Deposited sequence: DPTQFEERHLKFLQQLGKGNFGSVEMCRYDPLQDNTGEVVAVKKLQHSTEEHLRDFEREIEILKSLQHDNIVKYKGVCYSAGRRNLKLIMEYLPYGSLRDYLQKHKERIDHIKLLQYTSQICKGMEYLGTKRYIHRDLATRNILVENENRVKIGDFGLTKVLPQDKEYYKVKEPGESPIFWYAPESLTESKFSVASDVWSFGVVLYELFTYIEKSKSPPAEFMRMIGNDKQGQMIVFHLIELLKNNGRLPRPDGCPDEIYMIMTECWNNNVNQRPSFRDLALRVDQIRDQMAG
């Protein structure tokens, strides 16, 4: 395992849901030769959150894929999850800061990698429940990885959905309608959220174009608080949706809109999404 005393704090990397990630140097020889790693811990340790965190660690450990962040180990005294350090950070921040470097061809490369990571999740009957560019990490210019699994659940053997309603705040603007109305989560709801991820990427994370900002304008910024979810549900029911991003090819927007089907069963599979994206990639290449 990883020893507490040899883990040297460098900087705060990010915060998500109930967890917090830090950049640390694991230096067991105490000579400044150890590798830099990412360390996740609970911001406030609750027995409920500890049980969730334990399951999260088991989830990640069970995953080995090019497009999933690498598990390295755990640290015991206050449980800590040790992951590989991915030096380019979240895709959200990377894309926003370096939009001149990243073209549509690169966006589709990332899109394909996300789909392949998600198909791998589905093969283990894992539902991510929090697909968003903030949860995707960049290893290098050519490779992204699904980088957090704080909300990830395993499907029961006998059902194709999973019902969960967690205390606090949910990413409602990435949620499928049945996740908002029924608290139902499935591969199909992950596909819906993947549509939002695709939207995010093609907006190049322009602040005014974010899903929350766009939906809030459609709902009306003169919104309440508890009624926001109620109005969001109604908007989606009446086929109100995120607009086509500036400069987004019509065929890419079609993929988004097909992911955003109210009919759960009519949403494409991650396998078919990868196929469609890779086909568009090749047609943009030659």
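Engineer: Compare the deposited sequence with the modelled residues and state the ranges that are missing C-alpha positions.
Structural biologist: 1-3, 81-84 are the stretches of the deposited chain that have no C-alpha coordinates in the structure.
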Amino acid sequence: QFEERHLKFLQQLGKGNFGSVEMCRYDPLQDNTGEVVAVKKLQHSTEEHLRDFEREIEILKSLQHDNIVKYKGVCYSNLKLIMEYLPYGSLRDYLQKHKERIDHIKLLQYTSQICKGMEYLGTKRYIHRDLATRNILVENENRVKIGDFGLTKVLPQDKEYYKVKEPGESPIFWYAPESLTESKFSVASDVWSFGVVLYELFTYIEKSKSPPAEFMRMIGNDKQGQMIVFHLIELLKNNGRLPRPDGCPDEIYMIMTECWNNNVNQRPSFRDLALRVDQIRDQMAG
From here on, numbers count along this sequence of modelled residues.
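Engineer: Name the higher of the two by mean Cα B-factor in the PDB entry, 200-208 versus 163-171.
Structural biologist: Averaging CA B-factors over each stretch, the winner is 163-171.
Engineer: Could you check which stretch, 254-262 or 27-35, carries the larger mean CA temperature factor in the entry?
Structural biologist: So the stretch with the higher mean C-alpha B-factor is 27-35.
Engineer: Name the residue from 186, 109, 183, 77 with the greatest C-alpha temperature factor listed in the entry.
Structural biologist: Within the set 186, 109, 183, 77, 77 shows the top C-alpha B-factor.
Engineer: Tell me, please, which of 248, 63, 57, 42 has the highest C-alpha B factor according to the deposited entry?
Structural biologist: Most elevated C-alpha B-factor of the set, per the entry: 42.
Engineer: Among the chain's modelled residues, which third holds the C-alpha B-factor of residue 270?
Structural biologist: It falls in the bottom third of the chain.
Engineer: Of the three thirds of its chain by CA temperature factor, lowest, middle or highest, which one includes residue 139?
Structural biologist: Residue 139: CA B-factor falls in the lowest third of its chain.
Engineer: Taking the entry's C-alpha B-factors for this chain, is residue 100 in the lowest, middle or highest third?
Structural biologist: Its C-alpha B-factor belongs to the highest third of this chain's values.
Engineer: By its CA B factor, does residue 242 count among the lowest, middle or highest third of the modelled residues in the chain?
Structural biologist: For residue 242, whose C-alpha B-factor we compare with every modelled residue in the chain, the answer is the middle third.
Engineer: By the record's CA B-factor, is residue 157 among the lowest, middle or highest third of residues in the chain?
Structural biologist: Highest third, going by the recorded CA B-factors of the chain.
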